[PDB]
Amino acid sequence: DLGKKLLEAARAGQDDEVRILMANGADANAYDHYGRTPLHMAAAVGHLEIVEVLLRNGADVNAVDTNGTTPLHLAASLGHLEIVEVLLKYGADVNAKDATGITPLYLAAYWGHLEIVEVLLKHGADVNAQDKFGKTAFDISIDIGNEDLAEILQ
């Protein structure tokens, strides 16, 4: 099964294993039973070359897992700037909401990835997006005490 191998190679950060498998007709849109696709795996582990090979082979750039989480949520939450940029170039959705209303900007703010926060805002990220508890990225900057963050949010 080429899908399982492609999921595993993207997760392991095996750049070439990925290229070999794509070469051999592996489906860039395979998914595991949680709905993670190879591009979620590559975005989460932070392997830029793998992210690019997948998007060139038609990987659904806003694929959602079973909780609504997209590859751009993962790269913004875990701090992978250059992956965040490439994803955006391919149509990544800055305002995607996961199952409790959380957005890539909310995660990048929560974990303190400020350059990512700037990049998302310049691409139209909605600052007033609230999770299902009513909390926005500005409420995060107050709760987590991040002054640079609160400043950036205006």
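Throughout, we count residues from 1 along the sequence that is shown.
82 to 90 and 23 to 31 differ in mean CA B-factor, and the higher of the two is recorded for 23 to 31. Set 127 to 135 against 140 to 148 and average the Cα temperature factors; 140 to 148 ends up higher. The entry lists a Cα temperature factor for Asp65 that places it in the lowest third of the chain's modelled residues.
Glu49 sits in the middle third of its chain by CA B factor, as recorded in the PDB entry.
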